[PDB]
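For reference, the structure discussed in these notes is given below.
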Amino acid sequence: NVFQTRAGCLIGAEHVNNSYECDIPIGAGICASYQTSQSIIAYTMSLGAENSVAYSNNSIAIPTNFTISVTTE
Amino acid sequence: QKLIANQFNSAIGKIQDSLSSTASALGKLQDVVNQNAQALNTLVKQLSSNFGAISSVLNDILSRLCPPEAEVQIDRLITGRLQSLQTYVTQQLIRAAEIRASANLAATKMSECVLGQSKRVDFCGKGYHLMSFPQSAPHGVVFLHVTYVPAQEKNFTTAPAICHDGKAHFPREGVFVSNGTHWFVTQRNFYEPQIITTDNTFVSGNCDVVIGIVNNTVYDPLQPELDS
Amino acid sequence: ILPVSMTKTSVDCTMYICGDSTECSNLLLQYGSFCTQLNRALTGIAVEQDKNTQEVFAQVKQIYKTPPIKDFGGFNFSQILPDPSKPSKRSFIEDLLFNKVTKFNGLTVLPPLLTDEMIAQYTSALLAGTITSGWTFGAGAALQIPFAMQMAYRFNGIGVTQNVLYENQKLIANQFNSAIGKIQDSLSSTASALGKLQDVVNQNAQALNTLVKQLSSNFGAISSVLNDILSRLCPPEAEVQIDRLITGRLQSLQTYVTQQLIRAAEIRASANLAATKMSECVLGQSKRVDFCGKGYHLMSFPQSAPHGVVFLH
Amino acid sequence: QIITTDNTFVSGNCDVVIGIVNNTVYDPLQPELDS
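Residue numbers (my numbering), protein chains in the order written: chain A, 220 to 292; chain B, 350 to 577; chain C, 51 to 363; chain D, 2 to 36.
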């Protein structure tokens with residue numbers, strides 16, 4: 220029910236150890252979202268899925284197929 | 350060509366579905382409408398303010414009072430309404446500079462993405478740019494950026510150069526790759542393996558210098574034609 | 051070196067203009083929605099500084115990390131990759147950049163949305179993608195490629211035939227390693243290099259210090275201390291004196307918010323440039339002459355700095 | 002590199018180009034075929 224963020228004291232938001240994309244920003248890496256029983260949860264935001272590229276001095280990856288993507292700007 | 354046409358036609362279908370389902374997708378244009386509307390509503394609501402006069406309504410001052418006092422009351426409304434306008438016009442000049450910076454970008458995306466094909470990474474959408482189509486929108490433009498995305502990776506062993514008869518061979522365009530036992534040269538952005546030859550490679554120097562050079566035969570298409 | 055964001059501020063214009071005086075607050079209401087539109091403008095600036103930062107650093111969809119074995123063909127990225135020795139894993143060069151760059155009146159500073167550690171995880175991801183996969187992680191999936199073969203692609207991109215790399219690879223690696231060494235000497239010795247970021251710190255500090263000092267000004271009232279007017283005078287005259295302080299303090303805020311809106315447009319122009327250098331110089335190989343440093347451009351590495359980004363072109 | 006039929010292309014003749022120079026161009030097929 221109470222959570223000291225670096226942005227200030229946050230009250231009524233449930234602190235969570237899991238991490239998600241930033242739904243509502245709060246500051247200093249904290250975000251909050253309404254989730255399931257429902258509550259406003261608050262969490263340290265995820266920056267993206269973590270990945271290790273399969274690098275070595277003699278391995279290459281080459282695309283065997285493609286997709287045409289139409290994107291709107 | 351049939352696969353590429355079907356992927357393009359499918360991707361244009363997803364644009365109609367995205368726009369039809371997702372009215373928030375045009376949020377860049379709707380925010381520009383909302384900011385200019387909120388700026389006018391703020392400018393109008395500031396006529397209801399007293400600014401220290403007896404009334405916000407100028408005809409109260411002009412009906413109730415006479416000039417020796419009325420000019421003291423009106424000069425407070427003039428001071429506040431003129432400050433209300435100078436604030437609006439200043440924020441419209443700054444917002445007009447933001448829209449001009451966006452219109453210069455849109456004019457550059459017209460020239461480079463629509464009238465051309467752009468080598469500039471992520472300028473004309475994510476992936477390697479193929480072409481873009483302009484569509485008009487209220488107070489804006491929409492670009493439908495068609496891009497090639499490389500989509501089904503396979504791992505291969507690779508080499509910078511191939512040793513043949515002491516000479517080091519490098520690919521003219523593409524890379525050397527192996528399926529595990531045989532060596533091929535392929536273009537970089539799509540796996541299309543070809544036999545390594547004196548035609549699709551060039552020599553420079555010998556096997557001493559290159560780090561990680563690998564031994565494989567390089568086929569010479571003149572040889573079986575000339576000797577047999 | 052490029053500015054990307056600036057110190058986010060929130061100003062309680064009721065506490066700036068009046069502060070605890072309910073007599074002044076009831077006069078300030080007669081000026082209408084000036085106080086909400088000042089807060090709206092500073093909030094638009096503040097939310098934009100998080101967008102400016104997101105547009106520059108969040109160009110990578112997945113947080114790439116480098117392999118445990120650093121077999122990059124002789125190129126030594128250790129000064130620009132994350133340092134495990136540190137509590138927050140900035141690179142060695144990012145720590146040089148973070149060392150070179152250095153109230154009650156309703157004025158406050160809001161924190162950035164991304165911590166300096168999250169900015170460093172993005173420069174780590176951009177750099178680990180760039181080293182392990184070339185431009186490919188910008189176009190789609192990151193495709194591994196050996197770094198000597200990636201640099202041979204970078205050489206073909208400048209019209210230098212790729213054998214010129216592989217036949218000089220130890221020389222090219224030693225020149226790159228030496229050039230990264232000269233960056234550490236430059237950033238250790240010469241603080242004036244970061245002046246473009248330090249000026250963004252100085253301008254925003256000077257603007258708040260000027261806004262504070264303008265509370266001491268009388269603007270033609272009998273005193274600038276609002277409790278002098280309310281203790282010495284009575285409402286028929288005190289309101290005439292307080293309207294001079296309200297007018298001057300409200301004009302002092304409109305001056306600050308106007309120059310912050312103009313300064314935010316200058317920072318956004320720099321953040322859109324930095325986001326374009328991230329896409330074209332880091333995620334790609336720009337042909338654009340002098341866009342990614344003076345020379346035929348091979349590749350660029352992003353490093354974070356306070357309120358900015360630093361490209362090693 | 003040696004000037005060859007592999008690293009050069011023909012167009013037209015000696016009359017048109019301002020500043021053209023006489024030099025032998027090696028054809029790699031010729032000695033290979035004559036061997």
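Here a beta-carbon is modelled for each residue, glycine too, at the ideal position from N, C-alpha and C.
Alpha carbon to alpha carbon, what distance is there between residue j and residue i?
i, j, result
"residue 184 of chain C", "residue 387 of chain B", "46 Å"
"residue 124 of chain C", "residue 116 of chain C", "16 Å"
"residue 521 of chain B", "residue 278 of chain A", "20 Å"
"residue 254 of chain A", "residue 227 of chain C", "50 Å"
"residue 395 of chain B", "residue 414 of chain B", "23 Å"
"residue 118 of chain C", "residue 133 of chain C", "13 Å"
"residue 365 of chain B", "residue 87 of chain C", "38 Å"
"residue 16 of chain D", "residue 537 of chain B", "42 Å"
"residue 99 of chain C", "residue 122 of chain C", "36 Å"
"residue 223 of chain C", "residue 272 of chain A", "22 Å"
"residue 232 of chain C", "residue 111 of chain C", "32 Å"
"residue 482 of chain B", "residue 500 of chain B", "23 Å"
"residue 513 of chain B", "residue 201 of chain C", "24 Å"
"residue 242 of chain A", "residue 250 of chain A", "6 Å"
"residue 14 of chain D", "residue 26 of chain D", "14 Å"
"residue 428 of chain B", "residue 114 of chain C", "59 Å"
"residue 339 of chain C", "residue 203 of chain C", "18 Å"
"residue 497 of chain B", "residue 135 of chain C", "41 Å"
"residue 109 of chain C", "residue 266 of chain A", "11 Å"
"residue 54 of chain C", "residue 106 of chain C", "8 Å"
"residue 576 of chain B", "residue 545 of chain B", "20 Å"
Helix, strand or coil for residue i, going by three-state DSSP, please let me know.
i, result
"residue 273 of chain A", "coil"
"residue 376 of chain B", "helix"
"residue 480 of chain B", "strand"
"residue 15 of chain D", "coil"
"residue 367 of chain B", "helix"
"residue 116 of chain C", "coil"
"residue 132 of chain C", "strand"
"residue 222 of chain A", "strand"
"residue 356 of chain B", "helix"
"residue 288 of chain A", "strand"
"residue 551 of chain B", "strand"
"residue 564 of chain B", "strand"
"residue 98 of chain C", "helix"
"residue 245 of chain A", "strand"
"residue 60 of chain C", "strand"
"residue 573 of chain B", "helix"
"residue 230 of chain C", "helix"
"residue 81 of chain C", "helix"
Chain B contacts from the stretch 268-282 of chain A (Cβ-Cβ distance under 8 Å): For the stretch 268-282 of chain A, the set of positions with a beta-carbon nearer than 8 Å to some beta-carbon of chain B reads 273, 276, 277, 278, 279, 280, 281 and 282 in chain order.
Members of the stretch 181-197 of chain C that neighbour chain A once the beta carbon cut-off is set at 9 Å: Of all residues in the stretch 181-197 of chain C, only 181, 182, 183, 186, 187, 190, 191, 192, 193, 194, 195, 196 and 197 come within less than 9 Å of chain A when Cβ atoms are compared, listed by chain position.
Touch test, the stretch 140-149 of chain C against the stretch 75-95 of chain C, Cβ-Cβ under 8 Å, three pairs minimum: Short answer: they don't touch.
Segment contact, 8 Å Cβ cut-off, at least three pairs: the stretch 485-500 of chain B with the stretch 282-292 of chain A: The answer is yes - the stretch 282-292 of chain A touches the stretch 485-500 of chain B, with three or more Cβ pairs under 8 Å.
Selection of the stretch 196-225 of chain C by Cβ proximity to chain B, strictly under 7 Å: Those would be 196, 198, 199, 202, 212, 213, 216, 217 and 219, in chain order.
Inter-stretch contact at 8 Å, needing at least 3 Cβ pairs: the stretch 61-76 of chain C / the stretch 549-564 of chain B: Result no; under three Cβ-Cβ pairs closer than 8 Å.
Near-chain A residues of the stretch 539-557 of chain B (beta-carbon distance less than 8 Å), N- to C-terminal order: Of all residues in the stretch 539-557 of chain B, only 539 and 540 place a beta-carbon less than 8 Å from a beta-carbon of chain A.
At least 3 beta-carbon pairs within less than 8 Å: the stretch 342-356 of chain C vs the stretch 2-9 of chain D: Cβ pair count under 8 Å is below three, so no.
Members of the stretch 58-69 of chain C near chain A, C-beta cut-off 9 Å: Here the close residues are 58.
Chain A contacts made by the stretch 488-503 of chain B, where a contact means CB separation under 9 Å: Against chain A - using a Cβ distance shorter than 9 Å - the residues of the stretch 488-503 of chain B are 490, 491, 492, 493, 494, 495, 496, 497, 498, 499, 500, 501, 502 and 503.
contact_flag[the stretch 206-219 of chain C, the stretch 308-319 of chain C] where n(CB pairs < 8 Å) is 3 or more: The stretch 206-219 of chain C vs the stretch 308-319 of chain C: no contact.
Ranges of the beta strand (DSSP E) found wholly within the stretch 486-537 of chain B, counting only runs of at least 3: Entirely contained in the stretch 486-537 of chain B, the beta strand (DSSP E) runs reaching 3 residues are, in chain order, 489-499, 502-508, 516-520, 524-527 and 532-535.
Three-pair Cβ contact test at 8 Å for the stretch 239-251 of chain C versus the stretch 144-159 of chain C: Flag = yes, the stretch 239-251 of chain C and the stretch 144-159 of chain C touch.
Near-chain C residues of the stretch 253-266 of chain A (beta-carbon distance less than 8 Å), N- to C-terminal order: Residues are counted here when their Cβ sits less than 8 Å from a Cβ of chain C; for the stretch 253-266 of chain A these are 264 and 266, given in chain order.
Completely contained beta strand (DSSP E) runs for the stretch 444-476 of chain B, where each covers 3 or more residues: Restricting attention to beta strand (DSSP E) runs no shorter than 3 residues, the stretch 444-476 of chain B encloses none.
Chain B contacts made by the stretch 331-354 of chain C, where a contact means CB separation under 7 Å: Within the stretch 331-354 of chain C, the residues whose Cβ lies closer than 7 Å to some Cβ of chain B are 333, 334 and 337, listed in chain order.
Residues from the stretch 100-120 of chain C in contact with chain A, defined by Cβ distance under 8 Å: For the stretch 100-120 of chain C, which is checked against every Cβ of chain A, the residues closer than 8 Å are 100, 108, 110, 111, 112, 113, 114, 115, 116, 117 and 119.
Residues in the stretch 155-171 of chain C having any Cβ partner in chain A nearer than 9 Å: Cβ contacts with chain A come from 160, 161, 162, 163, 164, 165, 167, 168 and 171.
Three CB pairs or more closer than 8 Å across the stretch 100-108 of chain C and the stretch 318-332 of chain C: Yes: at least three Cβ pairs fall under 8 Å.
Chain C contacts made by the stretch 231-247 of chain A, where a contact means CB separation under 9 Å: Listed in sequence order: 241, 244, 245, 246 and 247.
The stretch 75-83 of chain C contacting the stretch 263-280 of chain C, beta-carbon criterion three pairs below 8 Å: For the pair of segments examined, the stretch 75-83 of chain C was found not to touch the stretch 263-280 of chain C: the number of CB pairs separated by less than 8 Å stays below three.
Contact between the stretch 517-532 of chain B and the stretch 164-183 of chain C (3+ Cβ pairs under 8 Å): At 8 Å Cβ cutoff, the stretches do not touch.
Complete runs of the alpha helix (DSSP H) confined to the stretch 384-440 of chain B [at least 4 residues]: Listed in chain order, they are 407-413.
Against chain A: residues of the stretch 431-443 of chain B by CB proximity under 9 Å: For the stretch 431-443 of chain B, there are no residues whose beta carbon sits under 9 Å from a beta carbon of chain A.
Start-end ranges of the beta strand (DSSP E) lying completely within the stretch 137-215 of chain C, minimum 3 residues: Listed in chain order, the complete beta strand (DSSP E) runs (minimum 3 residues) inside the stretch 137-215 of chain C are 157-159.
Selection of the stretch 399-420 of chain B by Cβ proximity to chain C, strictly under 8 Å: Of all residues in the stretch 399-420 of chain B, 399, 400 and 401 have a Cβ within less than 8 Å of some Cβ in chain C.
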